[PDB]
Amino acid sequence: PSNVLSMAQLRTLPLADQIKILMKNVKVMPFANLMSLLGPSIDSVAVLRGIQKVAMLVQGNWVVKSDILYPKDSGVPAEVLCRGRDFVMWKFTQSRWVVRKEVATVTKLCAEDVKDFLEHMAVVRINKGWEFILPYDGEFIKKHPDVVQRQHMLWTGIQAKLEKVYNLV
């Protein structure tokens, strides 16, 4: 609506708010673009810290965390939606391409929710499934090996949770 903050208004807020607000609006973002938006005043060590609080690494790009889109209060409990979306996001760490029917079969969620999860980080491609919306960011990955390894361990934790509640493979 009309209640959107301009970038100059955004840049007067605490750094944690800027990153949260940007990522919730723009759900997928390359790190270098986030740095550009926040402006030349900010240091990247603080942004590397801040982005991991609110987003996960996917294909070298940053994707806003599910609990930001679906906070604990939508008649479906927020944790059920978070789990479904986290599954989709997990699938995209494995591959740029995701088959909608596999998401429906595994999450057993409503077709509207499955579409909601996919369409805000991917677009359907004719006869090939849903393709993650940003290209693989090989440059961020090359330049931040420590963060990439950490994020891969965090995904290890998330996948273990998903394997407990869902029936993967």
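Start at 1 with the first residue shown and count on from there.
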{"property": "Absent coordinates between residue 73 and residue 74 - deposited residues affected, binned into four classes", "result": "4 to 9"}
{"property": "Mean Cα B-factor comparison, 143-151 or 10-18, giving the higher one as deposited", "result": "10-18"}
{"property": "Which of 103-111 and 54-62 has higher mean CA B factor, as the PDB entry lists it", "result": "103-111"}
{"property": "Options 126, 123, 28, 34 - largest CA temperature factor per the record", "result": "126"}
{"property": "Residue 43 - Cα temperature factor, lowest/middle/highest third of chain", "result": "highest"}
{"property": "CA B-factor ranking of residue 69, expressed as a third of its chain", "result": "middle"}
